[PDB]
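The chain below stands alone, shown as structure tokens; this is the form solved without the partner chain.
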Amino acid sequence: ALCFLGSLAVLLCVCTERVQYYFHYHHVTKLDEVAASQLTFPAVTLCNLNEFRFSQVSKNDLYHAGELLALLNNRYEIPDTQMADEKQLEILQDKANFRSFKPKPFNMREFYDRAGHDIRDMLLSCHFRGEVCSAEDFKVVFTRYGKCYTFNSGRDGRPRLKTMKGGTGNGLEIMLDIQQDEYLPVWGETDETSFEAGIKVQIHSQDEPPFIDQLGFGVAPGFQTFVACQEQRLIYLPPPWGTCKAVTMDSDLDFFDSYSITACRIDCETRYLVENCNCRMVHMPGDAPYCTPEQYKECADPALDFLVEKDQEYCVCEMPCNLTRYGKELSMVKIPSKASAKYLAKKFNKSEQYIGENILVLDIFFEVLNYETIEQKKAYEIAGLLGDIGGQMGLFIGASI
């Protein structure tokens, strides 16, 4: 009959349509809602928006950094501009008196470490799953805001805390004093001053460095702020199926052991400033020298701004393959109640007015022992291609007998 010619014509033609499918390298995305007996609680990094406490700024610091913080002009004088408070201008005309004064050596990293807000003074109260925690439970981390702190860091081999139930009771609750009376006076616009009072916060996997100035959320004074979270786990496929970049212990990055958009970007930033400024900012990795006030103002602040705003050539940062995202729903209530104000004032030896202006509470917790997963899977595996081609080859071989 015609059947052996028309069985070879259809087999070899349909066989090359299951090979044109494979070589397109399709993927398919599986969504799931996994019920979880327990979840790993994330890292919570948090920063005061004020970088330098006024009371920690020495004559020597003012001498070196005063122009960078717009407290001095280029002539080491307190400016013509009377943005100053009367009582503040007295304290500062003193510090800014440089007659007979001999400069001592100065280091931006030291200054940040010494003058940065102290978690020990800021942290009025802290609880996790009902257990008390202290300033010892927060590891120091440097960010563009300066001396910041990470709760449940996972760093120093201490074990990562876990959430076993839904609701606020199985989460973090911290009361802070943002210390507005230590806020450095703002007499000019710079990258180191802000118009704002409160803290920046980032909730992130322990495996990701914080990127708090770009990806953080804000928490205001005078409110208890509830943050209800949801763990989202995302898997992506490498080339040729997608564009992602393996998360392993061989990062392939100058300054990081594991790949992450954040690590990739901090790497790229650090490289760029070292190349163009011959220094790194106090928060960047490597062993390059720390920038001086002059270098911050003249080279580094502008360069870093140029980089994260304009330049699109220098920073090529691809998706990681493993990635953990946190959905957040914020809500707030006022603190303090008219009733509670006097108790809080007395409990902390502050004015009632001060409590209103400086106290906040932050509750971070999960809605439900559940994570969304969104995994990209290979559409048509190479194994399953030879398991069709094996069965295509087996019946045209059964047509010859």
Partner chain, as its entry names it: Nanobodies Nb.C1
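Residue numbers count along the first chain shown, from 1.
Beyond the structure shown, there is the form deposited with the partner chain bound, which is absent from this document and is the topic of what follows.
Q: Among 135 to 143, 95 to 103, 247 to 255, 112 to 120, which stretch has residues whose heavy atoms lie within 4.5 Å of the partner chain in the deposited complex?
A: Partner-contacting stretch among the options: 247 to 255.
Q: What I'd like checked is whether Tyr272, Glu275 and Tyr314 together line the partner chain in the deposited complex, meaning each has a non-hydrogen atom within 4.5 Å of it.
A: Heavy-atom distance to the partner chain in the deposited complex: all three under 4.5 Å.
Q: Evaluate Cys264 for contact with the partner chain in the deposited complex, applying a 4.5 angstroms cut-off between non-hydrogen atoms, and reply yes or no.
A: It does: once the partner chain is placed as it appears in the deposited complex, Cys264 has a heavy atom within 4.5 Å of it.
Q: Though only this chain appears here, would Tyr149 touch the partner chain in the deposited complex if you measure heavy atom gaps against 4.5 Å?
A: No - in the deposited complex, heavy atoms of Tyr149 and the partner chain never come within 4.5 Å of each other.
Q: So in the deposited complex, does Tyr296 come within 4.5 Å of the partner chain, heavy atom to heavy atom?
A: Judged by the heavy-atom cut-off of 4.5 Å, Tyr296 is well away from the partner chain in the deposited complex.
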